[PDB]
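Cβ coordinates were reconstructed from backbone atoms using ideal geometry, including for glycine residues, and neighbour counts include every protein chain displayed. The numbers here are math on the coordinates, done by the rules we state, and not lab data.
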Amino acid sequence: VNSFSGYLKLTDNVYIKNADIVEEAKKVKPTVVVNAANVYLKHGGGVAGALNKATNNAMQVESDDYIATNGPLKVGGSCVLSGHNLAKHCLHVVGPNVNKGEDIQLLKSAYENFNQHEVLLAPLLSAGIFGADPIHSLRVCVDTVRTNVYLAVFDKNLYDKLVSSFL
Ligand SMILES: Cc1noc(C[C@H]2CCCN(c3ncnc4[nH]c5cc(F)ccc5c34)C2)n1
């Protein structure tokens, strides 16, 4: 038993809720919150800009030091950094950005990073401003992640759509 509430169960291990991941994170304090990161960890908008804003820019400061030391992430890759006031840890995962022409097949590789963590609060990777179809993202998620994932979907309309179309 864990502290996530109001989730609909899609599979043995995947759950989903219409929620703001920032507010979901500040209430739950999960062990891991996933950020929808880019390879530069520049948290300007979308989920990343919202998570970063909620940390009062501390996420960005930490991220800039990470990049200065290690260089950019790979598309499909990830790093574990602090969760600041939102979670114990933040798993920054780089899904492909369709609006940059990145290969959607890398979406499976991106979701594989979730398997290194027993429980995660996460957004749908490559959705929103990353330009992929969220219904496809949820499918890859279900078919790739084996650990327990709690998906927060900010938009009530898309959420209804993801549930109603789920196979
Ligand atoms: C790059 C990239 N690749 O995929 C994705 C998926 C995103 C897209 C935009 C919606 N995102 C969220 N998801 C859950 N909660 C949220 N609160 C938010 C608050 C905001 F001000 C903006 C966004 C979210 C949000 C998911 N972005």
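Return yes or no: is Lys27 assigned to a loop (DSSP other than H, G, I, E, B) and not β-branched (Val, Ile, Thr)? Criteria not met by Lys27.
Evaluating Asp143 against the criteria (1) more than 10 Å from the ligand (Cβ to nearest atom); (2) closer than 20 Å to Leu41 by Cβ; (3) in a helix (DSSP H, G or I) leaves one unmet condition, (2). Of all the listed residues (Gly45, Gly49, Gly83, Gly128), the sole one being over 22 Å from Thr144 (Cβ atoms), touching a residue at least 40 places away in the same chain (Cβ under 8 Å) and either hydroxyl-bearing (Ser, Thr, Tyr) or within 12 Å of the ligand (Cβ to nearest atom) (or both) is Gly45. Condition (residue is in contact (Cβ under 8 Å) with a residue 24 or more places away in the chain and outside any helix (DSSP H, G or I)) applied to the range 57-71: is it met by at least one residue? Checking the range 57-71: not a single residue is in contact (Cβ under 8 Å) with a residue 24 or more places away in the chain and outside any helix (DSSP H, G or I).
Conditions tested, residue by residue: (1) touching a helix residue (DSSP H, G or I) at 6+ places or on another chain (Cβ under 9 Å); (2) acidic (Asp, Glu); (3) farther than 17 Å from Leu124 by Cα.
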residue	(1), (2), (3)
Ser3	yes, no, yes
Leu8	yes, no, no
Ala25	yes, no, no
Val28	no, no, yes
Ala48	yes, no, no
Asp65	no, yes, yes
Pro72	no, no, yes
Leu86	yes, no, yes
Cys90	yes, no, no
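Within the range 1-52, the set of residues being within 13 Å of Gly83 (Cβ to Cβ) and among the polar types (S, T, N, Q) comprises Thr31, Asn35, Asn52. Pairs linking a residue in the range 14-38 that is touching a residue at least 24 places away in the same chain (Cβ under 8 Å) and closer than 29 Å to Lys100 by Cβ to a residue that is surrounded by 23 or more Cβ atoms within 10 Å (Cβ to Cβ) and of a type in the set (S, T, N, Q), with Cβ atoms under 7 Å and 6 or more positions apart or on different chains, do not occur. Among the residues of the range 25-42, just one is surrounded by fewer than 22 Cβ atoms within 10 Å (Cβ to Cβ) and near the ligand (Cβ under 8 Å from one of its atoms), namely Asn38. Consider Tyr159 carefully, then state whether it is in a helix (DSSP H, G or I), in contact with a helix residue (DSSP H, G or I) (Cβ under 6 Å, 6 or more places away or on another chain) and either buried (at least 23 other Cβ atoms within 10 Å of the Cβ) or of a type outside the set (D, E, K, R) (or both). Criteria not met by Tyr159.
Filter the range 90-125 for residues that are crowded, with 24+ Cβ neighbours inside 10 Å, without any contact (Cβ under 8 Å) to a residue 60 or more places away in the chain and of a type in the set (A, V, I, L, M, F, W, C) and give the result. Selection gives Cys90, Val93, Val94, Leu107, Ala110, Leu124.
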